[PDB]
Amino acid sequence: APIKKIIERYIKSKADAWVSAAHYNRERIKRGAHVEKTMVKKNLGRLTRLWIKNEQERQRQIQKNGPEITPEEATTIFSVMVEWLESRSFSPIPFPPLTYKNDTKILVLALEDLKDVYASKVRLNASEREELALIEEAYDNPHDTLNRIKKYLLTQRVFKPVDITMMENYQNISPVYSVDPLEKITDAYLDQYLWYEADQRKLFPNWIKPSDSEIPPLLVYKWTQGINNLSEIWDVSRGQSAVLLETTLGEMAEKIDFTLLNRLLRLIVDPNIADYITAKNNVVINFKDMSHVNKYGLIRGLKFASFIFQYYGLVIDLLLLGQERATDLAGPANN
Amino acid sequence: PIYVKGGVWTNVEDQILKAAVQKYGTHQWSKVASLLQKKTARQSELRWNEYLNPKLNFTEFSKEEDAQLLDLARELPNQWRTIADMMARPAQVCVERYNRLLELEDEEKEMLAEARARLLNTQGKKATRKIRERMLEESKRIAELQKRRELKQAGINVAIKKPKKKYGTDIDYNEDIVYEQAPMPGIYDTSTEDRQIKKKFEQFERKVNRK
Amino acid sequence: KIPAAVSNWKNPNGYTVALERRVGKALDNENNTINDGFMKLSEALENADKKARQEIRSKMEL
Amino acid sequence: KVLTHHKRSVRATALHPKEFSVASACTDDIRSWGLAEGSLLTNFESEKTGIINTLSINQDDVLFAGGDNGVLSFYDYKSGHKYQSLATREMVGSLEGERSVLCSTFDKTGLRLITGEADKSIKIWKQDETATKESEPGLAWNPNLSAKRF
Amino acid sequence: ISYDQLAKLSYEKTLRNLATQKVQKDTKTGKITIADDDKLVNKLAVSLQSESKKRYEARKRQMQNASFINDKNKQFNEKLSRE
Amino acid sequence: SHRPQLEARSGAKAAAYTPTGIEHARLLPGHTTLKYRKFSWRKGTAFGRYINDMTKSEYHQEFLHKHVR
Amino acid sequence: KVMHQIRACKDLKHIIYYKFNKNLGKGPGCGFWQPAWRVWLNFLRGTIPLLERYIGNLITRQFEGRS
RNA sequence: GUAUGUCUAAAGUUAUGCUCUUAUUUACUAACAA
RNA sequence: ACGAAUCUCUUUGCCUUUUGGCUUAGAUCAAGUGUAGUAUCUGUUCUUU
Ligand SMILES: O=P(O)(O)O[C@H]1[C@H](OP(=O)(O)O)[C@@H](OP(=O)(O)O)[C@H](OP(=O)(O)O)[C@@H](OP(=O)(O)O)[C@H]1OP(=O)(O)O
């Protein structure tokens, strides 16, 4: 025991030295100082490992003393979302059968998207190569591919673990999740299908920005126009006072509980899809020789994950606005 | 032929992987992958994690354990990695159990031979090269001796050339004593002993000469 | 008496060694304090859903 | 002259202020040495305490020794009498090996000990001005004799 | 067992191996010629060689007794297995 | 092959070594002299009304949050 | 660091010439080497210590081995 | 193709189950050709 | 039978050829041919044991 103690101490000292050094470096990098290319890569590595350690410690914490969400809160959320769809007459998205005229078309989109990664970079990794091969085969055997996908969705709730890395934007290093190609196709197709179905069924109300089919500057312009076109908005005569509130939903994806998320999805889509998606977020996150089961927290770097995030965003939006004001903003369900 | 990796785990292959893992450990998955001509790094590591690692278990679940499982399913919906961890089992197996509850050789031999060859060859090129040079050096030495000896037999005495000294202060240890750190000065007298040992030495030299 | 340290990372000499001695920890068991709350949560969801469902059917029948 | 009366790393030494001597530490034993002749002066009662990191002596013959155990020792420099043990505390988050006093020194006064511990803490120690021979005496000194150095 | 005990115990042994079967000083030179029996020193030499030889052959036997790759590893796994 | 440090290069040998008599940069006389001392609408919502661990510091978690996205 | 010296010389040339070529046209035929020469002298003054050290050490190494 | 590392570069120190024949693989290597 | 010596084995003790750093696991895992060599293959025949 004494030796174990001593070594624990000394690595804590060393660890302390490391972490602080890393922190110093990152501030240095932000400043834009003279720093070694090699040194910056080293710092990126250290900070990644540090991040992973932090993250999985948070997972442990979550496990060790229950979910952050109070069950009452969860219930309330459920009630809200239920109320919302009730008001909408929103028919849920089915599990996709062999019925579709669009099926092939949908598939073609996902493949195209995937191909977009590979058209530029001619020299490719092994994983990349595999993915490419899969894509090629899929083009060859569309119906068969579709069938395979369907089978996977029905069955597969344990996936290959997701490798990660950090792309180095020298302010803020960004995590890059790398799903194993076979599941990736599934993720793509599912995602595309979900978007087509969601937009077709009017899931996401107008007010959600990023997905609108309008350009971010265009979006901004539209917002400005809206602001102007409000009825007598600029008056300061009769004590009229406007306030604009920008804020960031901090860790909006990074603390989505799968249980709650699963149930939420089971509102909007066929439960099997929900089950799949929930099971996909629950992966083993390998990074550089350290792993952990991602027990609590959505992974942005799945293909469909965006949809999930958006759907979760809807919940938050509803909470903010309430049923009534949200209802107004959406308008009547029919028109 | 070069190609994209995958396929199915043949038992021999599995065994090889296990051996590799014993050798290189659970975080050098590239090397282990390389050892297997068919299977990838990622594939390999996954396999080890999922099926092959002995600190997993595939024993059936007790009724209590079944209850724990299905209760977990009820409570954690299809987060099977988490569920697996809770169980203390690997996840695929758990899922399968849950589901149940609810209701050529030349090539192989090539890689084997190569494998065994590798595992029994555990030195960087520096080492191999060094031993090679050592044996070569030895050979050279004996050849030189054979010449020298031959000449002696022939009647021409040739002194063996020194090692071409690498630096100015390079030492030959037969010239004179290495760094004669003498014994501690004599309390008890040592004179006769000195004589006897000297005689023994000289006698030994004589013997060698005669030998 | 310290055990001969063997790694999961780096053999210098390339000595193969037993798999138990290689990989360890063996402490995933916990499972108990982690669950306290999850039951309440998932149960809550189940009950909430039930309430919604019966409510929905009721209102529908109007 | 070369004193060698130590089994282990002699890794904490201190000059006495008004005596002209120097205490030294080993893994356990803490000799105190008279450096005029180059002679020993006094073995101490450090028989079970840890590896001594630092060993600052006070003005008033109050030899300090800092444990890798974490336990602050306190000796009468003249005799060797371990007149106080004090198991240190760590900061809330620390681990139990980290509470290790790695540095120490007294002021000019001798009424404030300062200790550089590995808990990233700089702990300081007063002598109790409320103390007497009946209110907190020493640790009832006893030379052990069990094949001992005294 | 400490090296304290193992010394005295080995001392006791070689005393059983014994149990089987003058000083002149020139103080100016400091040379303390202890003229002693030359036959006994020879008997020490032969006995001490024999003791070391017996031990030397003892390892040789134990080396020739028998999850590894090379000579060293086999022993290294044996160093792990003894625990 | 390539090995950890155990018995340091002890300045015994460097002492018995001969002088070089080179003039290094910093041994040029800097600071020659010494110093000395003296001596309605808000109702309708759903919800209407230190640690010594470098990996668990508030600063640290916050920092990580900042520098990841 | 001799760039400073070089730069100084350039500056001098620029100064000198345009006080030397007021009514006079362009061309190469100006002399007047004084201030530049001064610059170079001061550069040498600066460096004489540096070269005494540097070449000192150099020839020492040539003679005595390196430390 | 290199770092780099060895090698040579001449004068005589006075003592009495196998052998075989082949064809094929695979691997590695190759400033050799394509 | 006790004492001793010699030999062999077994139990323990001794580890007796018994892991000798650090970094971003230090980093990244391929698209080749024919010509030659080298080794390794496998067959292939016969000889005699
Ligand atoms: O300004 P610099 O790059 O140092 O070059 C100058 C400059 O030439 P540019 O103007 O073409 O650069 C001078 O030209 P003016 O400005 O005086 O017209 C010229 O001086 P002269 O006209 O007196 O010749 C002089 O040339 P020189 O060195 O022959 O005096 C020449 O310097 P470089 O020849 O070194 O470029």
# chains A, B, ... in the order shown; residues from 1 in each chain; ligands from 1
$ interface_residues --of "chain A" --to "chain D" --cutoff "12 Å" --atoms "only C-alpha atoms" --output "MDAnalysis selection string"
chainID A and resid 1:13 16
$ write_last_selection --atoms "N, CA, C and O atoms" --output "CSV table (one decimal), in the first residue's frame"
chain,number,residue,atom,x,y,z
A,1,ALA,N,0.8,-1.2,0.0
A,1,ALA,CA,0.0,0.0,0.0
A,1,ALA,C,0.8,1.3,0.0
A,1,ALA,O,0.4,2.2,-0.7
A,2,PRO,N,1.9,1.3,0.8
A,2,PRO,CA,2.7,2.5,0.9
A,2,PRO,C,3.3,2.9,-0.5
A,2,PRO,O,3.2,4.1,-0.9
A,3,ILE,N,3.8,1.9,-1.2
A,3,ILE,CA,4.3,2.2,-2.6
A,3,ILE,C,3.2,2.7,-3.5
A,3,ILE,O,3.5,3.7,-4.2
A,4,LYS,N,2.0,2.1,-3.4
A,4,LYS,CA,0.9,2.5,-4.3
A,4,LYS,C,0.6,3.9,-4.0
A,4,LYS,O,0.3,4.7,-4.9
A,5,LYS,N,0.5,4.3,-2.7
A,5,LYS,CA,0.3,5.7,-2.2
A,5,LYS,C,1.4,6.6,-2.9
A,5,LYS,O,1.0,7.7,-3.4
A,6,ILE,N,2.6,6.2,-2.7
A,6,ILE,CA,3.7,7.1,-3.1
A,6,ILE,C,3.7,7.4,-4.7
A,6,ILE,O,3.8,8.5,-5.1
A,7,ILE,N,3.4,6.3,-5.4
A,7,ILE,CA,3.4,6.4,-6.9
A,7,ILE,C,2.2,7.3,-7.3
A,7,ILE,O,2.3,8.1,-8.2
A,8,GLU,N,1.0,7.1,-6.6
A,8,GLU,CA,-0.2,7.8,-6.8
A,8,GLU,C,0.1,9.3,-6.6
A,8,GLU,O,-0.3,10.1,-7.5
A,9,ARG,N,0.8,9.6,-5.5
A,9,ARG,CA,1.2,11.0,-5.2
A,9,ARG,C,2.1,11.6,-6.4
A,9,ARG,O,1.8,12.7,-6.9
A,10,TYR,N,3.1,10.8,-6.8
A,10,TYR,CA,4.1,11.3,-7.7
A,10,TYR,C,3.4,11.5,-9.1
A,10,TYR,O,3.7,12.6,-9.7
A,11,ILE,N,2.6,10.6,-9.5
A,11,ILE,CA,1.9,10.8,-10.8
A,11,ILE,C,0.9,12.0,-10.6
A,11,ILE,O,0.6,12.6,-11.6
A,12,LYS,N,0.3,12.2,-9.4
A,12,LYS,CA,-0.5,13.4,-9.3
A,12,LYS,C,0.3,14.7,-9.5
A,12,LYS,O,-0.2,15.6,-10.1
A,13,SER,N,1.5,14.7,-9.0
A,13,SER,CA,2.4,15.9,-9.2
A,13,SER,C,2.7,16.1,-10.6
A,13,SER,O,2.5,17.2,-11.2
A,16,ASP,N,-0.4,17.1,-12.5
A,16,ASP,CA,-0.6,18.5,-12.2
A,16,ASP,C,0.2,19.4,-13.1
A,16,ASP,O,-0.3,20.4,-13.7
$ residues_around --residues "residue D:107" --least-positions-apart "3" --cutoff "12 Å" --atoms "only C-alpha atoms (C1' of nucleotides)" --output "list in words"
residues 17, 56, 57, 58, 59, 60, 104, 110, 111, 112, 113, 114, 115, 124, 125 and 126 of chain D
$ write_last_selection --atoms "C-alpha atoms" --output "PDB file, in the first residue's frame"
ATOM      1  CA  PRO D  17      21.200  28.017  15.571  1.00  0.00           C
ATOM      2  CA  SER D  56      14.286  22.435  10.382  1.00  0.00           C
ATOM      3  CA  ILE D  57      15.381  23.142  13.964  1.00  0.00           C
ATOM      4  CA  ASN D  58      13.905  25.954  16.013  1.00  0.00           C
ATOM      5  CA  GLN D  59      15.813  28.613  17.953  1.00  0.00           C
ATOM      6  CA  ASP D  60      14.649  27.083  21.267  1.00  0.00           C
ATOM      7  CA  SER D 104       9.956  23.253   6.544  1.00  0.00           C
ATOM      8  CA  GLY D 110      11.014  30.412  16.439  1.00  0.00           C
ATOM      9  CA  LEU D 111       7.336  30.685  17.298  1.00  0.00           C
ATOM     10  CA  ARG D 112       6.117  30.034  13.730  1.00  0.00           C
ATOM     11  CA  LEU D 113       6.979  26.847  11.833  1.00  0.00           C
ATOM     12  CA  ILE D 114       6.285  26.970   8.077  1.00  0.00           C
ATOM     13  CA  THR D 115       5.840  23.722   6.171  1.00  0.00           C
ATOM     14  CA  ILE D 124       2.089  27.323   9.496  1.00  0.00           C
ATOM     15  CA  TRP D 125       2.344  26.284  13.153  1.00  0.00           C
ATOM     16  CA  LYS D 126       2.284  28.268  16.434  1.00  0.00           C
TER      17      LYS D 126
END
$ residues_near_ligand --ligand "ligand 1" --cutoff "7 Å" --atoms "only C-alpha atoms (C1' of nucleotides) and all ligand atoms" --output "ChimeraX atom specification"
/G:10,14,17,26-28
$ write_last_selection --atoms "N, CA, C and O atoms" --output "PDB file, in the first residue's frame"
ATOM      1  N   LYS G  10      23.104  52.914 -46.151  1.00  0.00           N
ATOM      2  CA  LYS G  10      22.119  53.178 -47.208  1.00  0.00           C
ATOM      3  C   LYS G  10      21.474  54.552 -46.985  1.00  0.00           C
ATOM      4  O   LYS G  10      21.352  55.367 -47.919  1.00  0.00           O
ATOM      5  N   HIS G  14      21.582  57.959 -49.221  1.00  0.00           N
ATOM      6  CA  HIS G  14      20.338  58.632 -49.611  1.00  0.00           C
ATOM      7  C   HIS G  14      20.387  60.099 -49.206  1.00  0.00           C
ATOM      8  O   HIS G  14      20.053  60.999 -49.981  1.00  0.00           O
ATOM      9  N   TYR G  17      23.790  61.860 -51.157  1.00  0.00           N
ATOM     10  CA  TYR G  17      23.522  62.078 -52.546  1.00  0.00           C
ATOM     11  C   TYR G  17      22.575  63.226 -52.767  1.00  0.00           C
ATOM     12  O   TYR G  17      22.886  64.108 -53.559  1.00  0.00           O
ATOM     13  N   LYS G  26      21.849  63.306 -61.894  1.00  0.00           N
ATOM     14  CA  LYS G  26      22.086  61.949 -61.380  1.00  0.00           C
ATOM     15  C   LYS G  26      23.389  61.389 -61.926  1.00  0.00           C
ATOM     16  O   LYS G  26      23.999  61.969 -62.831  1.00  0.00           O
ATOM     17  N   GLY G  27      23.803  60.256 -61.363  1.00  0.00           N
ATOM     18  CA  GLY G  27      25.026  59.564 -61.771  1.00  0.00           C
ATOM     19  C   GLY G  27      25.762  58.950 -60.591  1.00  0.00           C
ATOM     20  O   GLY G  27      25.337  59.108 -59.445  1.00  0.00           O
ATOM     21  N   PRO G  28      26.882  58.252 -60.861  1.00  0.00           N
ATOM     22  CA  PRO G  28      27.611  57.529 -59.830  1.00  0.00           C
ATOM     23  C   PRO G  28      28.778  58.285 -59.198  1.00  0.00           C
ATOM     24  O   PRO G  28      29.285  57.841 -58.172  1.00  0.00           O
TER      25      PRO G  28
END
$ closest_atom_pairs --of "chain F" --to "chain I" --cutoff "8 Å" --atoms "only C-alpha atoms (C1' of nucleotides)" --output "CSV"
residue,atom,partner,partner_atom,distance
F:2,CA,I:21,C1',7.5
F:3,CA,I:20,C1',5.3
F:4,CA,I:21,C1',3.7
F:5,CA,I:21,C1',6.6
$ closest_atom_pairs --of "chain E" --to "chain B" --cutoff "7 Å" --atoms "only C-alpha atoms" --output "CSV"
residue,atom,partner,partner_atom,distance
E:30,CA,B:187,CA,6.4
E:31,CA,B:189,CA,4.8
E:32,CA,B:188,CA,4.5
E:33,CA,B:189,CA,5.2
E:69,CA,B:120,CA,5.5
$ select_by_dssp --residues "stretch 140-249 of chain A" --states "helix (DSSP H, G or I)" --output "PyMOL selection string"
chain A and resi 140+142-155+181-201+216-229
$ interface_residues --of "chain C" --to "chain I" --cutoff "12 Å" --atoms "only C-alpha atoms (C1' of nucleotides)" --output "ChimeraX atom specification"
/C:1,3-17
$ select_by_dssp --residues "stretch 16-121 of chain D" --states "strand (DSSP E)" --output "NGL selection string"
:D and (22-24 or 32-34 or 39-42 or 62-66 or 72-76 or 82-86 or 101-106 or 112-117)
$ write_last_selection --atoms "C-alpha atoms" --output "mmCIF file, in the first residue's frame"
data_model
loop_
_atom_site.group_PDB
_atom_site.id
_atom_site.type_symbol
_atom_site.label_atom_id
_atom_site.label_comp_id
_atom_site.auth_asym_id
_atom_site.auth_seq_id
_atom_site.Cartn_x
_atom_site.Cartn_y
_atom_site.Cartn_z
ATOM 1 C CA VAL D 22 23.613 19.620 12.890
ATOM 2 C CA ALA D 23 20.807 17.147 12.952
ATOM 3 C CA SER D 24 20.456 14.728 10.066
ATOM 4 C CA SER D 32 22.115 15.042 15.991
ATOM 5 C CA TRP D 33 25.754 15.798 15.494
ATOM 6 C CA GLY D 34 28.427 18.022 17.070
ATOM 7 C CA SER D 39 31.446 13.749 16.678
ATOM 8 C CA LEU D 40 28.036 12.306 17.370
ATOM 9 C CA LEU D 41 25.857 14.041 19.934
ATOM 10 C CA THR D 42 22.449 12.399 20.202
ATOM 11 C CA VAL D 62 12.717 22.294 19.160
ATOM 12 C CA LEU D 63 13.900 20.022 16.354
ATOM 13 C CA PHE D 64 11.300 19.527 13.692
ATOM 14 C CA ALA D 65 11.086 16.569 11.352
ATOM 15 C CA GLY D 66 8.644 16.202 8.468
ATOM 16 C CA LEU D 72 4.547 16.239 11.775
ATOM 17 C CA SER D 73 7.078 15.072 14.325
ATOM 18 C CA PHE D 74 8.410 17.334 17.098
ATOM 19 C CA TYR D 75 11.537 16.781 19.151
ATOM 20 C CA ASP D 76 13.419 18.339 21.984
ATOM 21 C CA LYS D 82 9.302 13.074 20.729
ATOM 22 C CA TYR D 83 7.234 15.652 22.532
ATOM 23 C CA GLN D 84 4.559 15.880 19.850
ATOM 24 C CA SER D 85 3.259 13.827 16.961
ATOM 25 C CA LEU D 86 0.709 15.590 14.797
ATOM 26 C CA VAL D 101 5.447 17.666 4.418
ATOM 27 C CA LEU D 102 8.179 18.220 1.800
ATOM 28 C CA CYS D 103 9.598 21.412 3.263
ATOM 29 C CA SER D 104 9.956 23.253 6.544
ATOM 30 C CA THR D 105 11.520 26.250 8.233
ATOM 31 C CA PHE D 106 11.269 28.353 11.367
ATOM 32 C CA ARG D 112 6.117 30.034 13.730
ATOM 33 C CA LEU D 113 6.979 26.847 11.833
ATOM 34 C CA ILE D 114 6.285 26.970 8.077
ATOM 35 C CA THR D 115 5.840 23.722 6.171
ATOM 36 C CA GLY D 116 5.790 23.157 2.416
ATOM 37 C CA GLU D 117 3.460 20.193 2.029
#
$ closest_residue --among "B:36, B:73, B:20, B:197" --to "chain A" --atoms "only C-alpha atoms"
B:73
$ residues_around --residues "residue B:2" --least-positions-apart "3" --cutoff "12 Å" --atoms "only C-alpha atoms (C1' of nucleotides)" --output "PDB file with C-alpha atoms (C1' of nucleotides), in the first residue's frame"
ATOM      1  CA  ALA A 126      -8.448   1.366 -44.992  1.00  0.00           C
ATOM      2  CA  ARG A 129     -11.628   2.346 -48.693  1.00  0.00           C
TER       3      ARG A 129
ATOM      4  CA  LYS B   5     -10.292  -6.198 -45.045  1.00  0.00           C
ATOM      5  CA  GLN B  37      -2.983 -10.902 -43.226  1.00  0.00           C
ATOM      6  CA  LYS B  38      -6.825 -10.825 -43.484  1.00  0.00           C
TER       7      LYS B  38
ATOM      8  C1'   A I  30      -0.394   0.670 -48.331  1.00  0.00           C
ATOM      9  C1'   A I  31      -2.003   0.298 -55.333  1.00  0.00           C
ATOM     10  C1'   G I  32       1.854  -1.946 -57.754  1.00  0.00           C
TER      11        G I  32
END
$ residues_around --residues "residue D:144" --least-positions-apart "6" --cutoff "10 Å" --atoms "only C-alpha atoms (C1' of nucleotides)" --output "ChimeraX atom specification"
/D:45,47,150
$ residues_around --residues "residue F:60" --least-positions-apart "3" --cutoff "10 Å" --atoms "only C-alpha atoms (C1' of nucleotides)" --output "VMD selection string"
(chain A and resid 19 to 20 23 50 54) or (chain F and resid 53 to 57 63 to 66)
$ write_last_selection --atoms "N, CA, C and O atoms" --output "mmCIF file, in the first residue's frame"
data_model
loop_
_atom_site.group_PDB
_atom_site.id
_atom_site.type_symbol
_atom_site.label_atom_id
_atom_site.label_comp_id
_atom_site.auth_asym_id
_atom_site.auth_seq_id
_atom_site.Cartn_x
_atom_site.Cartn_y
_atom_site.Cartn_z
ATOM 1 N N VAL A 19 -1.131 19.123 -16.819
ATOM 2 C CA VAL A 19 -2.413 19.769 -17.082
ATOM 3 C C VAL A 19 -2.212 21.290 -17.133
ATOM 4 O O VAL A 19 -2.706 21.971 -18.055
ATOM 5 N N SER A 20 -1.484 21.784 -16.141
ATOM 6 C CA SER A 20 -1.230 23.233 -16.062
ATOM 7 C C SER A 20 -0.445 23.699 -17.258
ATOM 8 O O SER A 20 -0.778 24.755 -17.821
ATOM 9 N N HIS A 23 -2.690 23.920 -20.214
ATOM 10 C CA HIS A 23 -3.555 25.100 -20.097
ATOM 11 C C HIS A 23 -2.797 26.342 -20.531
ATOM 12 O O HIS A 23 -3.339 27.173 -21.296
ATOM 13 N N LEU A 50 -7.051 14.860 -21.932
ATOM 14 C CA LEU A 50 -7.596 15.600 -20.807
ATOM 15 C C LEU A 50 -9.100 15.702 -20.964
ATOM 16 O O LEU A 50 -9.837 15.445 -19.995
ATOM 17 N N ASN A 54 -11.945 13.966 -18.638
ATOM 18 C CA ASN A 54 -12.965 14.830 -18.026
ATOM 19 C C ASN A 54 -14.324 14.215 -18.332
ATOM 20 O O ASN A 54 -15.094 13.950 -17.428
ATOM 21 N N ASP F 53 -7.953 18.824 -6.945
ATOM 22 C CA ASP F 53 -7.953 17.897 -8.071
ATOM 23 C C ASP F 53 -7.915 18.750 -9.328
ATOM 24 O O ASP F 53 -8.905 19.408 -9.660
ATOM 25 N N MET F 54 -6.780 18.741 -10.024
ATOM 26 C CA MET F 54 -6.624 19.511 -11.261
ATOM 27 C C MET F 54 -7.614 19.098 -12.351
ATOM 28 O O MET F 54 -7.927 19.900 -13.228
ATOM 29 N N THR F 55 -8.091 17.854 -12.293
ATOM 30 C CA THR F 55 -9.141 17.359 -13.187
ATOM 31 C C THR F 55 -10.584 17.647 -12.714
ATOM 32 O O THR F 55 -11.536 17.331 -13.435
ATOM 33 N N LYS F 56 -10.743 18.236 -11.525
ATOM 34 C CA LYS F 56 -12.058 18.615 -10.989
ATOM 35 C C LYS F 56 -12.104 20.055 -10.463
ATOM 36 O O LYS F 56 -12.959 20.384 -9.637
ATOM 37 N N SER F 57 -11.201 20.912 -10.938
ATOM 38 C CA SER F 57 -11.239 22.335 -10.601
ATOM 39 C C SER F 57 -12.337 23.001 -11.421
ATOM 40 O O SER F 57 -12.571 22.620 -12.569
ATOM 41 N N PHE F 63 -12.720 25.685 -18.472
ATOM 42 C CA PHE F 63 -11.700 25.830 -19.512
ATOM 43 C C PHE F 63 -11.975 24.827 -20.644
ATOM 44 O O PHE F 63 -11.948 25.178 -21.833
ATOM 45 N N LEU F 64 -12.228 23.594 -20.231
ATOM 46 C CA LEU F 64 -12.487 22.522 -21.198
ATOM 47 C C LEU F 64 -13.725 22.824 -22.018
ATOM 48 O O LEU F 64 -13.709 22.638 -23.238
ATOM 49 N N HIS F 65 -14.754 23.313 -21.342
ATOM 50 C CA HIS F 65 -16.017 23.701 -21.980
ATOM 51 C C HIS F 65 -15.757 24.763 -23.050
ATOM 52 O O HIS F 65 -16.264 24.668 -24.178
ATOM 53 N N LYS F 66 -14.959 25.750 -22.660
ATOM 54 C CA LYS F 66 -14.577 26.855 -23.539
ATOM 55 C C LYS F 66 -13.884 26.318 -24.800
ATOM 56 O O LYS F 66 -14.212 26.728 -25.924
#
$ interface_residues --of "chain E" --to "chain I" --cutoff "12 Å" --atoms "only C-alpha atoms (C1' of nucleotides)" --output "VMD selection string"
chain E and resid 1 to 3 5 to 6 16 to 21 55 to 56 58 to 60 62 to 63 70 to 83
$ closest_atom_pairs --of "chain H" --to "chain B" --cutoff "10 Å" --atoms "only C-alpha atoms (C1' of nucleotides)" --output "JSON lines"
{"residue": "H:12", "atom": "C1'", "partner": "B:156", "partner_atom": "CA", "distance": 9.3}
{"residue": "H:25", "atom": "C1'", "partner": "B:106", "partner_atom": "CA", "distance": 9.7}
{"residue": "H:26", "atom": "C1'", "partner": "B:110", "partner_atom": "CA", "distance": 7.6}
{"residue": "H:27", "atom": "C1'", "partner": "B:114", "partner_atom": "CA", "distance": 8.7}
$ residues_around --residues "residue C:33" --least-positions-apart "2" --cutoff "12 Å" --atoms "only C-alpha atoms (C1' of nucleotides)" --output "VMD selection string"
(chain A and resid 60 to 67) or (chain B and resid 86) or (chain C and resid 29 to 31 35 to 39)
$ atom_distance --atom1 "atom CA of residue D:10" --atom2 "atom CA of residue D:31"
10.1 Å
$ interface_residues --of "chain B" --to "chain F" --cutoff "9 Å" --atoms "only C-alpha atoms" --output "PyMOL selection string"
chain B and resi 124+126-127
$ interface_residues --of "chain G" --to "chain F" --cutoff "9 Å" --atoms "only C-alpha atoms" --output "mmCIF file with N, CA, C and O atoms, in the first residue's frame"
data_model
loop_
_atom_site.group_PDB
_atom_site.id
_atom_site.type_symbol
_atom_site.label_atom_id
_atom_site.label_comp_id
_atom_site.auth_asym_id
_atom_site.auth_seq_id
_atom_site.Cartn_x
_atom_site.Cartn_y
_atom_site.Cartn_z
ATOM 1 N N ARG G 53 36.399 37.197 -28.413
ATOM 2 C CA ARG G 53 35.836 36.051 -27.696
ATOM 3 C C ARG G 53 35.749 34.857 -28.641
ATOM 4 O O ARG G 53 36.154 33.715 -28.290
ATOM 5 N N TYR G 54 35.147 35.076 -29.799
ATOM 6 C CA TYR G 54 34.681 34.023 -30.694
ATOM 7 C C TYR G 54 35.905 33.334 -31.215
ATOM 8 O O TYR G 54 36.081 32.120 -31.012
ATOM 9 N N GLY G 56 38.875 33.644 -30.255
ATOM 10 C CA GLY G 56 39.585 33.155 -29.073
ATOM 11 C C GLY G 56 39.254 31.710 -28.752
ATOM 12 O O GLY G 56 40.131 30.846 -28.782
ATOM 13 N N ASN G 57 37.968 31.453 -28.551
ATOM 14 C CA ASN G 57 37.427 30.128 -28.287
ATOM 15 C C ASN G 57 37.768 29.200 -29.437
ATOM 16 O O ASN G 57 38.210 28.077 -29.218
ATOM 17 N N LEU G 58 37.630 29.685 -30.669
ATOM 18 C CA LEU G 58 37.907 28.863 -31.830
ATOM 19 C C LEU G 58 39.356 28.308 -31.813
ATOM 20 O O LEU G 58 39.603 27.093 -31.923
ATOM 21 N N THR G 60 41.375 28.290 -29.373
ATOM 22 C CA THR G 60 41.576 27.483 -28.189
ATOM 23 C C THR G 60 41.194 26.016 -28.438
ATOM 24 O O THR G 60 41.903 25.084 -28.088
ATOM 25 N N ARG G 61 40.070 25.859 -29.105
ATOM 26 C CA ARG G 61 39.579 24.528 -29.496
ATOM 27 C C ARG G 61 40.563 23.872 -30.429
ATOM 28 O O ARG G 61 40.822 22.670 -30.280
ATOM 29 N N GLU G 64 43.876 23.515 -27.504
ATOM 30 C CA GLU G 64 43.345 22.661 -26.450
ATOM 31 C C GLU G 64 42.126 21.977 -27.023
ATOM 32 O O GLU G 64 41.422 22.575 -27.806
ATOM 33 N N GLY G 65 41.860 20.731 -26.656
ATOM 34 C CA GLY G 65 40.590 20.105 -27.044
ATOM 35 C C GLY G 65 39.410 20.908 -26.503
ATOM 36 O O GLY G 65 39.589 21.775 -25.628
ATOM 37 N N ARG G 66 38.208 20.644 -27.011
ATOM 38 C CA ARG G 66 37.020 21.254 -26.421
ATOM 39 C C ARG G 66 36.800 20.658 -25.034
ATOM 40 O O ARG G 66 37.155 19.503 -24.779
ATOM 41 N N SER G 67 36.224 21.456 -24.143
ATOM 42 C CA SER G 67 35.980 21.030 -22.764
ATOM 43 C C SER G 67 35.140 19.752 -22.733
ATOM 44 O O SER G 67 34.119 19.655 -23.418
#
$ residues_around --residues "residue B:99" --least-positions-apart "4" --cutoff "12 Å" --atoms "only C-alpha atoms (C1' of nucleotides)" --output "ChimeraX atom specification"
/A:155-157 /B:66,69-70,73,78,92-95,103
$ decode --residues "stretch 18-23 of chain C" --atoms "C-alpha atoms" --output "short mmCIF file (atom, residue, chain, number, x, y, z; two decimals), in the first residue's frame"
data_model
loop_
_atom_site.label_atom_id
_atom_site.label_comp_id
_atom_site.auth_asym_id
_atom_site.auth_seq_id
_atom_site.Cartn_x
_atom_site.Cartn_y
_atom_site.Cartn_z
CA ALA C 18 -0.28 -14.81 -19.67
CA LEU C 19 -3.48 -12.95 -20.67
CA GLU C 20 -4.73 -12.58 -17.09
CA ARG C 21 -1.41 -10.97 -16.15
CA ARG C 22 -1.74 -8.78 -19.23
CA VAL C 23 -5.32 -7.37 -18.94
#
